[PDB]
Structures are given as structure tokens and as C-alpha cells.
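Chemist: Below is a structure I'd like to ask you about.
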Amino acid sequence: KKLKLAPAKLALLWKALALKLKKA
């Protein structure tokens with residue numbers, strides 16, 4: 001078991017994120 005999952009390096013598309021950060 002060795003997770004190479006780095007979501008912050010790939011999935012930071014800001015979509016949904018920046019929306020909910022504005023509570024949209």
C-alpha cells in the first residue's frame with residue numbers, strides 16, 4: 001500500500017471550489 005494520489009497537483013481546477021468558496 002503506497003498512495004501516489006496527489007489531487008492538489010491535478011484536480012485543482014478551481015471549478016466547484018471557488019464557487020463554494022463564494023457559497024454558490
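Going through the C-alpha cells in order, the chains are called A, B, and so on, while each chain numbers its residues from 1 and the ligands are numbered from 1 in the order shown.
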Apply DSSP to the structure's backbone, then extract all residues of chain A labelled alpha helix (DSSP H) and return them as a PyMOL selection string.

Modeler: chain A and resi 17-20
